[PDB]
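J.:
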Amino acid sequence: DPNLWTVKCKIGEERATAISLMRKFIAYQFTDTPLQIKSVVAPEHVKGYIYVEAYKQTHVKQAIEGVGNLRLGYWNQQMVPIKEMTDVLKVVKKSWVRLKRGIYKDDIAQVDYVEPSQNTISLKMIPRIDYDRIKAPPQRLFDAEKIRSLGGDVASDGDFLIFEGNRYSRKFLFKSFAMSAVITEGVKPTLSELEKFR
Amino acid sequence: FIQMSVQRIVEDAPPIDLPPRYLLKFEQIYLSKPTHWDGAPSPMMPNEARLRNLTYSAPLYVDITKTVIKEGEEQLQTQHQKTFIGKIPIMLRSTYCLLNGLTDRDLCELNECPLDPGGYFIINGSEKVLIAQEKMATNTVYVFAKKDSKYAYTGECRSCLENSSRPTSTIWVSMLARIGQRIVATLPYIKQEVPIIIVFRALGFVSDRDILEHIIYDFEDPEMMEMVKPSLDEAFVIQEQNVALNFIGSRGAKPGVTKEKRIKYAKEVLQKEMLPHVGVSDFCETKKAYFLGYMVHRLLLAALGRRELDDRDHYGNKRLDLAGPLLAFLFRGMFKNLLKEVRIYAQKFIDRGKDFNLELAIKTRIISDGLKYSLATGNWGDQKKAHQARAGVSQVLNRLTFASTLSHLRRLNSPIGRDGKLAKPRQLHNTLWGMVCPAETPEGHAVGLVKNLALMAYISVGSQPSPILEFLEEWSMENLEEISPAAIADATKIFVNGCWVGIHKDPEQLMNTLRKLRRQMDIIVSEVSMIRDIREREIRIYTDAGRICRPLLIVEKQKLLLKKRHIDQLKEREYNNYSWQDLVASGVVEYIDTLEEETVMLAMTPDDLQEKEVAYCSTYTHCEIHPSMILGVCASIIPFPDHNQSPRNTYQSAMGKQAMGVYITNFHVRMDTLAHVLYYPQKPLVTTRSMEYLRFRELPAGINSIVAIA
Amino acid sequence: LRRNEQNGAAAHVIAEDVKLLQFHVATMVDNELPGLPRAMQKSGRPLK
Amino acid sequence: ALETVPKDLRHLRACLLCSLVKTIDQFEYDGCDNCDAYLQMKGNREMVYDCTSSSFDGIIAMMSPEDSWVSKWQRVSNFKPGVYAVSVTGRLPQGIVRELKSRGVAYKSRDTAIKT
RNA sequence: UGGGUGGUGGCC
Ligand SMILES: [Zn+2]
């Protein structure tokens, strides 16, 4: 059985390293200097190093030539224990969600309507904007007349208002966000959040 | 530094090539006068830069040729004219400063007094001065004796060929103290020492008589030849070249895992790291072996007592680094960084198949800000790795009194660390006669480690030794490679900048010819010093920078080459164009550095020490111009200093830089911090002739007062 | 570390993580360690 | 095989029949080679959506699939070279499962993930 | 906005 070793890789660029290695193997398999490595495994949450399965350090040192992702690991590689080969392949894991990016990060939001398109769903957000008074932010209720006085990119349709940032509002923001862009499990709004919305 | 060093550094950098590939070769640079801008390029006055907290710097333009070539015969050797690289700070009153060649009237109209010496940079509106640091001389063989370790003697020899990117790498050839007494070597980048004979056989000298021919130049003295037997019987296992290379490579910094790896690594480290100064050509064993043999021969000579040890305090063995070498040292790294950055920027585009624009590649910020930061802070190195670099190289100019300013512009520095109980580096060596002020020195924790030049002292700037080599080859010198080893003994060796180059048979005629040509100043410039030793048949020639030399008169037989005609022409030097340069041309005065001073006969004064009496020496070869010329700037204002106790002169030199006075003529314009000026300064009623050239009678500091001692 | 060994339990990254924790703890109460890197902040200076 | 190698890193999906990692378009443009003779999965986007789901964790690259223990443990030892997923959660449609059972294929999901 | 670093200098 070929052994498994750790090779230093750029943090976040491990996913394309396996693709590059596969392309290199395909390119060199018809040539006089093929890549003699058996397999390369990249875990889901392990960042900074990639597992490579081969027989001797010479084979990997020859094969990882020209790979800038493994430049730090080009010269020296560590030995992974034999008992960890099976452990390498182990992976573990009207509601409320919280956004992952943007200015609304880590905010309690309540689903308004579910679109059957399986792409985006509308949430109830607290407007985290300064009403175009500072920019040329804590959670607070939307003031329609304030932003109507401030002018700028603003549209009024009664209580349905449209303002800067492609945000749809009513009475409370009603904007659709990607299902992968929100976290549907692990929110649990508290009683203070309920009032705000053993 | 501006005219030569910058062009040499930019041209000797290897090109960068990176399937498509490119060249990007640089060529002749251009420079312009300092200019500030958005706005039209307008000349920047030094005074304006001083008030507005600007930086008196000049832009740098280089010519670049970009030749990118790919598969299918697609090469485009495009070139770009005058691409901006960075701003180089300019030193006042230089050739490239706006205050150059201007009349005193123009200077006054520009609010810059004509008395300002210049020689300082302006960084963010502060006047910075580059203190000259001293270092032990390079490319020379020195033998010392550390009697506190396993070695009884050590033949240290630095080596730097010419402005190498890697700093100087040392070579050690020592003797074990303890049979015993084994001669060994300490190669660079080798973690362990190695005996000498293995080193020689690694060069390929498998034969045994060749090694001893290289080391021993005369096979008639048994005590000399027997001393190699201890470290010759220690080496009879290794005979072939490959086994020697493997023996070396087994102890490398990163030893190979295969015999081929060890052999190639050791061969490369010998061909590149060891002794770059003798030559890094395709092959240099024929002279590297001779240089190692010379080191070993010197070590044996020291051991036998036929030649005394070298002195570290003697400034014939020291060099001074002025603004030139230090700026070049910074510029090497600040250009390597720029090359790395443009290479990275091109790489980030060629891999993705996209074309790169060279204008966006060049980061003027790195070079400009690196030079500015190093000048401003004095940490003489890169910002992130300054812990391995010197500090305090650049200090704020001390503009309190004129004498203080002058002294601060001519200040030396010993980089020996303070808080050291050693007194040898602090004592006043005999060699500091006419080169360094015997009196002026701080009395704090840095006593003896800070020095100031004498008044006549001059620092050599350096010159290429190619004409010297051409003249020697044209002359009757026999080159080193095509010489018979048996002929070494009955002849004199010839050195140039420490590089052994050939042998000569007649030393006296060669020395006379060199002296005559230098005095005529036709091929050998006046900066070159020729030293001939007689106890050991050697002739040494130096043309590098940093040597310290002073002018002296010439005595032919018992009279002076200076005659009434020269004085008469000098007295009319505002009518006649006859100047000091014309005096040097006629071979009347001759600059003499310390090593040449070692062998001259000096007369203190002609009208006294040259008359006919009971012959003391009667073989004078030079004469001092005036004995009082050996004092520094501050100690030359003391009246009757030869009548005072020695520490009093030092204290006066210390306190002569804290007396108030008119520190500069145009003091009402400068917005200086902590400016002191006296209402009614006066010139001394009793002066010395030396303070006429310090302009003391124009910017005095003090008042004549009726003093009663009661 | 306590959210990594909580779920991942990779049994290899845990060793490196506890090594880094040990190094940081040691540097917190002593910065001059033989054969160890200097704990420094991104300003060119080691920490006190 | 270059066609097995994904053309990008966008909306990758893992096969529930051989754990082969291909993009959503690759499952349509090129098709799953290890199951093309089984499902005829190439040629329609809807059945591509039904066959594979974008929810997966980890990527595995067998450079020598027939000389690796990871391939044996992931039940992809005899399968063709390509990028492989570690653990994928999902169930094949009942009609597809019955068709595969009638075509001499054993229903073995690649779900080795730990459910807390 | 304070901390840090370096340099110069005074008295022993
Ligand atoms: Zn499949």
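Protein chains in written order, with PDB author numbering: chain Z, 176 to 268, 276 to 318, 335 to 369, 371 to 396, 416; chain B, 50 to 67, 81 to 99, 102 to 242, 252 to 783; chain A, 290 to 337; chain Y, 2 to 117.
Backbone N, C-alpha and C define an ideal beta-carbon position, used for all residues, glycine too.
Going by the C-beta, is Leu18(Y) closer than 8 Å to any heavy atom of ligand 1?
T.: yes
J.: Is the closest heavy atom of ligand 1 to the C-beta of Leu21(Y) under 8 Å?
T.: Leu21(Y) Cβ: within cutoff of ligand 1.
J.: Does the segment 193-205 of chain B touch the segment 467-475 of chain B, meaning 3 or more C-beta pairs lie closer than 8 Å?
T.: With the cut-off at 8 Å, the segment 467-475 of chain B and the segment 193-205 of chain B touch.
J.: For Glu293(B), which option in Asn503(B), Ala559(B), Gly517(B), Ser354(B) has the closest C-alpha, if you only look at C-alpha atoms?
T.: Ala559(B)
J.: Regarding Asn45(Y) and ligand 1, is the C-beta to nearest heavy atom distance less than 8 Å?
T.: For ligand 1, not one heavy atom lies less than 8 Å from the Cβ of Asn45(Y).
J.: Inspect the beta-carbon positions of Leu124(B) and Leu93(B) and report whether they are closer than 9 Å.
T.: One thing to note: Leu124(B) has its Cβ within 9 Å of the Cβ of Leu93(B).
J.: Would you mind reading off the limits of the beta strand (DSSP E) that contains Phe568(B)?
T.: 565-569
J.: Which whole-angstrom value describes the C-beta separation of residue 272(Z) and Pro298(Z), a residue pair presumed to lie in contact below a C-beta threshold of 8 Å?
T.: The structure shown gives no position for residue 272(Z): in chain Z, residue numbering passes from 268 to 276 with nothing in between.
J.: Would you mind giving the Cβ-Cβ distance between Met260(Z) and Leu179(Z), rounded to the nearest angstrom? I have them listed as a contact below 8 Å.
T.: 6 Å
J.: Could you spell out the range, first to last residue, of the alpha helix (DSSP H) harbouring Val415(B)?
T.: Unbroken alpha helix (DSSP H) run through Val415(B): 396-423.
J.: Count the C-beta pairs between the segment 726-746 of chain B and the segment 761-776 of chain B that are closer than 8 Å, then say yes if the count reaches three, no if not.
T.: Contact holds between the segment 726-746 of chain B and the segment 761-776 of chain B, because three or more Cβ pairs, one in each stretch, are under 8 Å apart.
J.: With hydrogens ignored, establish whether the beta-carbon of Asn79(Y) is closer than 8 Å to any heavy atom of ligand 1.
T.: no
J.: I need the boundaries of the beta strand (DSSP E) containing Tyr125(B), first residue and last residue.
T.: 121-134
J.: Using a beta-carbon distance below 9 Å, is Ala298(A) in contact with chain Z?
T.: yes
J.: Chain Y beta carbons: is any one of them nearer than 9 Å to that of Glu219(Z)?
T.: Flagged as an interface residue toward chain Y: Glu219(Z), by a C-beta distance shorter than 9 Å.
J.: Less than 9 Å between the beta carbons of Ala419(B) and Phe408(B), yes or no?
T.: no
J.: Does at least one heavy atom of ligand 1 sit under 8 Å from the Cβ of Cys36(Y)?
T.: Relative to ligand 1, the nearest heavy atom lies less than 8 Å away from the CB of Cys36(Y).
J.: Mind checking who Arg14(Y) pairs with in its DSSP beta bridge?
T.: DSSP output for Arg14(Y) lists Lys23(Y) as bridge partner(s).
J.: I need the straight-line Cα distance from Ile186(B) to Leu171(B), nearest angstrom please.
T.: 18 Å
J.: Does the distance from the C-beta atom of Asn227(B) to that of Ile440(B) stay below 9 Å?
T.: no
J.: Bridge partners for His144(B) per DSSP, in chain order?
T.: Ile128(B)
J.: CB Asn45(Y) to CB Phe80(Y), shorter than 9 Å?
T.: Not in contact: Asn45(Y) and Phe80(Y) (Cβ atoms no closer than 9 Å).
J.: How is the alpha helix (DSSP H) around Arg230(B) delimited, first residue to last?
T.: Neither: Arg230(B) is in no alpha helix (DSSP H) and is coded neither H nor E.
J.: Are the beta-carbon atoms belonging to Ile115(Y) and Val216(Z) less than 9 Å from one another?
T.: no
J.: Alpha carbon to alpha carbon, how far is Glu100(Y) from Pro66(Y)?
T.: 28 Å
J.: Give the straight-line distance between the Cα atoms of residue 19(B) and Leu485(B), rounded to the nearest whole angstrom.
T.: Because chain B spans 50 through 783 in this model, residue 19(B) falls outside it and cannot be assessed.
J.: For the segment 74-88 of chain Y against the segment 224-239 of chain Z, are there 3 or more C-beta pairs whose distance is under 8 Å?
T.: Three or more beta-carbon pairs separated by less than 8 Å are not found between the segment 74-88 of chain Y and the segment 224-239 of chain Z, which leaves the two stretches without contact.
J.: Using DSSP bridges, identify the partner residues of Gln197(B).
T.: DSSP lists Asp394(B) as the bridge partner or partners of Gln197(B).
J.: In chain order, which continuous runs of the beta strand (DSSP E) of length 3 or greater are located wholly inside the segment 558-602 of chain B?
T.: 565-569, 572-577
J.: Just the C-alpha distance for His716(B) and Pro96(B), rounded to the nearest angstrom, thanks.
T.: 50 Å
J.: Quick one, which of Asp281(B), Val351(B), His287(B), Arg116(B) has its alpha-carbon nearest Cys572(B)'s?
T.: For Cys572(B), the closest of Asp281(B), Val351(B), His287(B), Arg116(B) by C-alpha to C-alpha distance is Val351(B).
J.: Going along the chain, which residues of the segment 313-329 of chain A sit with their C-beta nearer than 9 Å to a C-beta in chain Z?
T.: none
J.: Under 8 Å, with one C-beta from each stretch per pair, do the segment 522-541 of chain B and the segment 606-618 of chain B reach the 3-pair mark?
T.: yes
J.: Pull up the distance between the alpha-carbon of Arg438(B) and that of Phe404(B), whole angstroms please.
T.: Looking at the backbone, the Cα of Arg438(B) and that of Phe404(B) are separated by about 14 Å.
J.: By Cβ distance below 6 Å, which residues in the same chain neighbour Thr450(B) in space, the five residues on each side in sequence not counted?
T.: none
J.: Using a C-beta to C-beta distance shorter than 8 Å, which residues of chain Z count as neighbours of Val302(A)?
T.: Think of a sphere of 8 Å around the beta carbon of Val302(A): the chain Z residues whose beta carbon falls inside it are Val221, in chain order.
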